[PDB]
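Asks: So here's entry_6.tsv, just TSV, C-alpha atoms and all ligand atoms:
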chain	number	residue	atom	x	y	z
J	1	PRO	CA	0.00	0.00	0.00
J	2	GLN	CA	0.85	3.70	-0.27
J	3	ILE	CA	0.58	5.87	2.84
J	4	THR	CA	0.39	9.65	2.49
J	5	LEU	CA	1.73	11.90	5.24
J	6	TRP	CA	-1.14	14.36	5.80
J	7	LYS	CA	-1.58	12.62	9.14
J	8	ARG	CA	0.78	10.54	11.26
J	9	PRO	CA	1.54	7.18	9.61
J	10	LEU	CA	0.04	5.04	12.39
J	11	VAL	CA	-0.53	1.36	11.69
J	12	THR	CA	-1.65	-1.63	13.72
J	13	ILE	CA	1.12	-3.89	14.97
J	14	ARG	CA	0.95	-7.20	16.81
J	15	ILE	CA	3.39	-8.43	19.40
J	16	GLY	CA	2.20	-11.54	21.23
J	17	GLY	CA	-1.32	-11.00	22.56
J	18	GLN	CA	-1.01	-7.24	22.27
J	19	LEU	CA	-2.28	-5.15	19.38
J	20	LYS	CA	-0.96	-1.60	19.36
J	21	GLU	CA	-0.86	1.43	17.13
J	22	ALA	CA	2.65	2.35	16.05
J	23	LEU	CA	4.28	5.09	14.01
J	24	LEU	CA	6.09	4.15	10.80
J	25	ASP	CA	9.17	6.22	11.57
J	26	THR	CA	11.91	6.67	8.94
J	27	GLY	CA	13.76	8.96	11.38
J	28	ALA	CA	14.17	6.15	13.94
J	29	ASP	CA	17.10	3.71	13.55
J	30	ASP	CA	15.41	1.39	16.06
J	31	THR	CA	11.95	0.14	17.01
J	32	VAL	CA	10.77	1.48	20.37
J	33	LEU	CA	7.65	0.23	22.07
J	34	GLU	CA	5.77	1.44	25.10
J	35	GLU	CA	6.38	-0.36	28.36
J	36	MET	CA	5.48	-4.06	28.21
J	37	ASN	CA	6.75	-7.14	30.07
J	38	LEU	CA	8.16	-9.37	27.30
J	39	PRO	CA	9.67	-12.77	28.08
J	40	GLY	CA	13.37	-13.55	27.67
J	41	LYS	CA	16.76	-11.91	27.96
J	42	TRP	CA	17.33	-8.20	27.45
J	43	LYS	CA	20.04	-5.57	27.84
J	44	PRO	CA	19.75	-1.97	29.11
J	45	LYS	CA	20.37	0.89	26.72
J	46	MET	CA	19.92	4.65	26.43
J	47	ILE	CA	18.41	6.24	23.33
J	48	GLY	CA	18.30	9.92	22.52
J	49	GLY	CA	15.86	12.16	20.71
J	50	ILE	CA	14.14	15.52	21.05
J	51	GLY	CA	14.11	16.42	24.74
J	52	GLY	CA	16.93	14.05	25.65
J	53	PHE	CA	17.37	10.39	26.48
J	54	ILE	CA	15.26	7.59	27.91
J	55	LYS	CA	16.30	4.25	29.32
J	56	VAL	CA	15.05	1.19	27.42
J	57	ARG	CA	15.35	-2.59	27.48
J	58	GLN	CA	16.70	-4.20	24.30
J	59	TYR	CA	15.03	-7.50	23.39
J	60	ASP	CA	16.37	-9.45	20.41
J	61	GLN	CA	14.66	-11.62	17.78
J	62	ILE	CA	11.11	-10.61	18.69
J	63	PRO	CA	8.49	-11.53	16.07
J	64	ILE	CA	6.20	-8.60	15.26
J	65	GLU	CA	3.41	-8.35	12.65
J	66	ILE	CA	3.02	-4.96	10.92
J	67	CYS	CA	-0.13	-4.58	8.76
J	68	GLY	CA	-0.09	-8.34	8.24
J	69	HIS	CA	3.59	-8.37	7.24
J	70	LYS	CA	5.92	-10.60	9.22
J	71	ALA	CA	8.97	-9.08	10.86
J	72	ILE	CA	11.47	-10.27	13.46
J	73	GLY	CA	14.20	-8.27	15.12
J	74	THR	CA	15.39	-6.06	17.92
J	75	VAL	CA	12.72	-4.21	19.91
J	76	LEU	CA	13.54	-1.53	22.51
J	77	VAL	CA	11.02	-1.25	25.35
J	78	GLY	CA	10.66	1.79	27.58
J	79	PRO	CA	8.70	4.94	28.48
J	80	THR	CA	8.22	6.29	24.97
J	81	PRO	CA	5.11	8.47	24.45
J	82	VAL	CA	4.51	6.70	21.13
J	83	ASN	CA	5.15	3.24	19.71
J	84	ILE	CA	7.81	3.55	17.00
J	85	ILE	CA	8.56	1.22	14.08
J	86	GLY	CA	12.11	2.05	13.03
J	87	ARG	CA	14.29	1.23	10.05
J	88	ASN	CA	15.40	-2.16	11.45
J	89	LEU	CA	11.83	-3.45	10.84
J	90	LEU	CA	10.63	-1.07	8.08
J	91	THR	CA	13.11	-2.73	5.72
J	92	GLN	CA	11.76	-6.21	6.55
J	93	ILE	CA	8.22	-5.32	5.48
J	94	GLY	CA	9.52	-3.69	2.27
J	95	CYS	CA	8.93	-0.06	3.23
J	96	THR	CA	10.40	2.69	1.01
J	97	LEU	CA	10.12	6.48	0.73
J	98	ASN	CA	8.95	7.71	-2.68
J	99	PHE	CA	8.59	11.13	-4.32
Q	1	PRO	CA	13.44	9.01	-6.25
Q	2	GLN	CA	12.75	5.78	-4.36
Q	3	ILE	CA	14.65	5.63	-1.05
Q	4	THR	CA	15.24	2.36	0.82
Q	5	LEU	CA	15.76	2.22	4.58
Q	6	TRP	CA	18.82	0.01	5.21
Q	7	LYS	CA	20.62	3.37	5.63
Q	8	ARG	CA	19.37	6.62	7.20
Q	9	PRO	CA	17.34	8.59	4.62
Q	10	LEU	CA	19.64	11.63	4.72
Q	11	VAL	CA	19.38	14.05	1.81
Q	12	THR	CA	20.94	17.33	0.82
Q	13	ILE	CA	18.69	20.33	1.34
Q	14	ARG	CA	19.12	23.92	0.21
Q	15	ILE	CA	18.00	26.64	2.64
Q	16	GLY	CA	19.06	30.31	2.44
Q	17	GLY	CA	21.69	29.35	-0.15
Q	18	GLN	CA	23.31	26.94	2.32
Q	19	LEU	CA	23.58	23.18	1.78
Q	20	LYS	CA	22.76	20.92	4.74
Q	21	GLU	CA	22.09	17.22	5.24
Q	22	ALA	CA	18.67	16.43	6.68
Q	23	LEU	CA	16.86	13.22	7.54
Q	24	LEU	CA	13.51	12.48	5.85
Q	25	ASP	CA	11.45	11.74	8.96
Q	26	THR	CA	7.91	10.33	8.66
Q	27	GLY	CA	7.81	10.23	12.48
Q	28	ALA	CA	8.18	14.01	12.64
Q	29	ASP	CA	5.02	16.17	12.47
Q	30	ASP	CA	7.16	19.26	11.89
Q	31	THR	CA	10.53	20.16	10.36
Q	32	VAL	CA	13.26	20.83	12.92
Q	33	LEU	CA	16.76	22.08	12.10
Q	34	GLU	CA	19.79	22.42	14.35
Q	35	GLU	CA	20.88	25.88	15.47
Q	36	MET	CA	21.20	28.26	12.52
Q	37	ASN	CA	20.37	31.83	11.52
Q	38	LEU	CA	17.26	32.44	9.44
Q	39	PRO	CA	15.82	35.83	8.42
Q	40	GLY	CA	12.50	37.36	9.51
Q	41	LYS	CA	10.24	37.25	12.54
Q	42	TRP	CA	10.08	34.06	14.56
Q	43	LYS	CA	7.92	32.95	17.48
Q	44	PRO	CA	8.92	30.95	20.57
Q	45	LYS	CA	7.44	27.44	20.54
Q	46	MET	CA	7.80	24.24	22.61
Q	47	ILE	CA	7.78	20.75	21.08
Q	48	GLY	CA	7.87	17.28	22.62
Q	49	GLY	CA	9.88	14.24	21.61
Q	50	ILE	CA	10.91	10.93	23.11
Q	51	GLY	CA	12.91	12.56	25.94
Q	52	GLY	CA	10.63	15.46	26.86
Q	53	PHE	CA	10.17	19.04	25.69
Q	54	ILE	CA	12.47	21.60	24.12
Q	55	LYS	CA	12.24	25.26	23.15
Q	56	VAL	CA	12.46	26.09	19.47
Q	57	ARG	CA	12.17	29.17	17.24
Q	58	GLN	CA	9.33	28.98	14.68
Q	59	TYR	CA	9.99	30.54	11.26
Q	60	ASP	CA	7.11	30.56	8.77
Q	61	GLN	CA	7.08	30.43	4.94
Q	62	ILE	CA	10.73	29.39	4.58
Q	63	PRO	CA	11.73	27.93	1.17
Q	64	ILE	CA	13.68	24.68	1.27
Q	65	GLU	CA	14.71	22.66	-1.74
Q	66	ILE	CA	14.68	19.01	-0.71
Q	67	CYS	CA	16.57	16.75	-3.08
Q	68	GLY	CA	15.58	19.07	-5.99
Q	69	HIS	CA	11.94	19.43	-4.85
Q	70	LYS	CA	10.71	22.83	-3.65
Q	71	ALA	CA	8.89	23.33	-0.38
Q	72	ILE	CA	7.82	26.55	1.34
Q	73	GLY	CA	6.68	26.30	4.94
Q	74	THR	CA	7.31	26.24	8.66
Q	75	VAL	CA	10.77	25.52	9.99
Q	76	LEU	CA	11.58	25.11	13.67
Q	77	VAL	CA	15.13	25.77	14.84
Q	78	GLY	CA	16.47	24.27	18.06
Q	79	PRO	CA	18.24	21.41	19.88
Q	80	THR	CA	17.19	18.49	17.70
Q	81	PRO	CA	19.81	15.69	17.63
Q	82	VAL	CA	19.72	15.81	13.80
Q	83	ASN	CA	18.20	17.99	11.06
Q	84	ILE	CA	14.80	16.48	10.19
Q	85	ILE	CA	12.38	17.19	7.37
Q	86	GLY	CA	8.93	16.46	8.82
Q	87	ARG	CA	5.49	15.75	7.39
Q	88	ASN	CA	4.59	19.44	6.89
Q	89	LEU	CA	7.23	19.57	4.12
Q	90	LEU	CA	7.26	15.88	3.07
Q	91	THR	CA	3.63	16.31	1.94
Q	92	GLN	CA	4.62	19.38	-0.12
Q	93	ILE	CA	7.18	17.38	-2.12
Q	94	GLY	CA	4.79	14.43	-2.67
Q	95	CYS	CA	6.64	12.02	-0.39
Q	96	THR	CA	4.82	8.80	0.54
Q	97	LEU	CA	5.63	5.56	2.33
Q	98	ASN	CA	5.27	2.42	0.24
Q	99	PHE	CA	5.52	-1.30	0.88
R	1	LIG	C1	18.78	5.63	18.73
R	1	LIG	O1	17.80	6.61	19.06
R	1	LIG	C2	16.48	6.52	18.68
R	1	LIG	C3	15.91	5.31	18.28
R	1	LIG	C4	14.57	5.27	17.90
R	1	LIG	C5	13.79	6.43	17.92
R	1	LIG	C6	14.34	7.66	18.33
R	1	LIG	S1	13.45	9.02	18.35
R	1	LIG	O2	12.07	8.70	18.56
R	1	LIG	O3	13.91	9.87	19.41
R	1	LIG	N1	13.58	9.89	16.98
R	1	LIG	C7	14.97	10.17	16.51
R	1	LIG	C8	15.04	11.67	16.17
R	1	LIG	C9	15.60	12.13	15.02
R	1	LIG	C10	15.53	13.55	14.98
R	1	LIG	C11	14.90	14.03	16.08
R	1	LIG	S2	14.42	12.87	17.19
R	1	LIG	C12	12.69	9.48	15.88
R	1	LIG	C13	11.84	10.70	15.44
R	1	LIG	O4	11.13	10.37	14.24
R	1	LIG	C14	10.89	11.16	16.56
R	1	LIG	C15	9.66	10.23	16.75
R	1	LIG	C16	8.79	10.73	17.93
R	1	LIG	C17	9.10	10.39	19.24
R	1	LIG	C18	8.31	10.84	20.30
R	1	LIG	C19	7.19	11.63	20.06
R	1	LIG	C20	6.86	11.98	18.76
R	1	LIG	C21	7.66	11.52	17.70
R	1	LIG	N2	10.34	12.48	16.24
R	1	LIG	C22	10.37	13.49	17.14
R	1	LIG	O5	10.84	13.42	18.27
R	1	LIG	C23	9.74	14.82	16.77
R	1	LIG	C24	9.84	15.33	15.48
R	1	LIG	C25	9.23	16.54	15.18
R	1	LIG	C26	8.51	17.21	16.16
R	1	LIG	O6	7.92	18.41	15.88
R	1	LIG	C27	8.41	16.70	17.45
R	1	LIG	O7	7.72	17.39	18.41
R	1	LIG	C28	9.02	15.50	17.74
R	1	LIG	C29	15.69	7.67	18.70
For the file at hand, write its structure as structure tokens.
Replies:
Amino acid sequence: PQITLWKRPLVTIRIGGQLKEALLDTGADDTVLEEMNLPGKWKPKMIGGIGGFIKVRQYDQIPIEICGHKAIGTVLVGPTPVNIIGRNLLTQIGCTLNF
Amino acid sequence: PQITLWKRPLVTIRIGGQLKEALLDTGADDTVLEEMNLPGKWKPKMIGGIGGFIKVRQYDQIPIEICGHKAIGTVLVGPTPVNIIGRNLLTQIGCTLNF
């Protein structure tokens, strides 16, 4: 599909038994999701943006479905105000910028 | 052009006769540039990101040529980690997300 940018490019994502709305975010290197208690190993990390840094937990090889497209990769979990689908997963679902 | 996302979507922009690199950011409502001088009246504004809120200067009706495509609109100047072209200008140049 083609998504115009008049409004925020929010799409439905699925991670486990949780459906969430997330931003398709070409400015984000990484995928950052709102606080959630995922199983398995993780590592602490800091990530920086407008306003400064937040602390997140890095989980690896997490399957995530984005508009019915399968992805699997690193997901950062922490107190983000918005769920963010970054370039690590945008590539896996075939997402490009066009103009 | 068609731009893939294995690398950061950084492009050359032209603003006030100066060349800068800016990130095409679908996760940005607005266009935010690092500290620089722009002509004309500006208004104080506050914007929120992942790490909280920052103060910016809002300049209206600023021409920017983005990868050869002309935009004229609002530019915020302030402590963004990287120059970002946001949706206000991405829409002007006909930029969409596709997968
Ligand atoms: C390794 O670090 C990161 C990994 C993943 C995401 C981010 S990010 O969210 O801070 N951000 C990176 C930025 C690049 C330039 C400025 S911030 C991605 C942006 O697209 C970010 C998404 C976002 C986050 C929180 C709330 C809204 C949007 N955009 C902005 O912070 C932003 C852009 C324009 C605005 O006018 C504004 O108020 C906020 C950082």
Asks: Provide as a tab-separated table (two decimals) with C-alpha atoms, keeping the file's coordinate frame the residues of chain J at most 10 Å from chain Q, counting only C-alpha atoms.
Replies:
chain	number	residue	atom	x	y	z
J	1	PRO	CA	0.00	0.00	0.00
J	2	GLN	CA	0.85	3.70	-0.27
J	3	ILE	CA	0.58	5.87	2.84
J	4	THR	CA	0.39	9.65	2.49
J	5	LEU	CA	1.73	11.90	5.24
J	6	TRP	CA	-1.14	14.36	5.80
J	7	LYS	CA	-1.58	12.62	9.14
J	8	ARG	CA	0.78	10.54	11.26
J	9	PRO	CA	1.54	7.18	9.61
J	10	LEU	CA	0.04	5.04	12.39
J	23	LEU	CA	4.28	5.09	14.01
J	24	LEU	CA	6.09	4.15	10.80
J	25	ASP	CA	9.17	6.22	11.57
J	26	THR	CA	11.91	6.67	8.94
J	27	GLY	CA	13.76	8.96	11.38
J	28	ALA	CA	14.17	6.15	13.94
J	29	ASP	CA	17.10	3.71	13.55
J	32	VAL	CA	10.77	1.48	20.37
J	47	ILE	CA	18.41	6.24	23.33
J	48	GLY	CA	18.30	9.92	22.52
J	49	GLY	CA	15.86	12.16	20.71
J	50	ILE	CA	14.14	15.52	21.05
J	51	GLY	CA	14.11	16.42	24.74
J	52	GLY	CA	16.93	14.05	25.65
J	53	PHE	CA	17.37	10.39	26.48
J	54	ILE	CA	15.26	7.59	27.91
J	55	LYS	CA	16.30	4.25	29.32
J	69	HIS	CA	3.59	-8.37	7.24
J	79	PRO	CA	8.70	4.94	28.48
J	80	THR	CA	8.22	6.29	24.97
J	81	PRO	CA	5.11	8.47	24.45
J	82	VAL	CA	4.51	6.70	21.13
J	84	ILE	CA	7.81	3.55	17.00
J	85	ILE	CA	8.56	1.22	14.08
J	86	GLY	CA	12.11	2.05	13.03
J	87	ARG	CA	14.29	1.23	10.05
J	88	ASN	CA	15.40	-2.16	11.45
J	89	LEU	CA	11.83	-3.45	10.84
J	90	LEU	CA	10.63	-1.07	8.08
J	91	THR	CA	13.11	-2.73	5.72
J	92	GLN	CA	11.76	-6.21	6.55
J	93	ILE	CA	8.22	-5.32	5.48
J	94	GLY	CA	9.52	-3.69	2.27
J	95	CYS	CA	8.93	-0.06	3.23
J	96	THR	CA	10.40	2.69	1.01
J	97	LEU	CA	10.12	6.48	0.73
J	98	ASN	CA	8.95	7.71	-2.68
J	99	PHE	CA	8.59	11.13	-4.32
Asks: Quick one: distance from atom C14 of ligand LIG 1 (chain R) to CA of residue 31 in chain Q in Å, one decimal?
Replies: 10.9 Å
Asks: From the list J:19, J:76, J:13, J:36, which residue is nearest ligand LIG 1 (chain R) when using all atoms listed in the file?
Replies: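 So, comparing all the options, the nearest one is J:76.
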Asks: Counting all atoms listed in the file, select every polymer residue within 6 Å of (17.3, 0.9, 28.2) as defined in the file's coordinates, and provide the selection as a PyMOL selection string.
Replies: chain J and resi 44-46+55-57
Asks: So which one's closest to ligand LIG 1 (chain R), Q:18, Q:40, Q:58, Q:68? Using only C-alpha atoms and all ligand atoms, please.
Replies: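 Nearest to ligand LIG 1 (chain R): Q:58.
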Asks: If you fit chain J onto chain Q using every C-alpha atom, paired in order, what RMSD in Å do you get?
Replies: 0.7 Å
Asks: What gap, in Å, lies between CA of residue 21 in chain J and atom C22 of ligand LIG 1 (chain R)?
Replies: 16.5 Å
Asks: Quote the spacing between atom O3 of ligand LIG 1 (chain R) and CA of residue 30 in chain Q in Å to one decimal place.
Replies: 13.8 Å
Asks: Given 4 Å on each side, where is the centre and what are the edge lengths in Å to one decimal of the axis-aligned box enclosing the listed atoms of ligand LIG 1 (chain R), as JSON?
Replies:
{"center_x": 12.8, "center_y": 11.8, "center_z": 17.3, "size_x": 19.9, "size_y": 21.1, "size_z": 14.1}
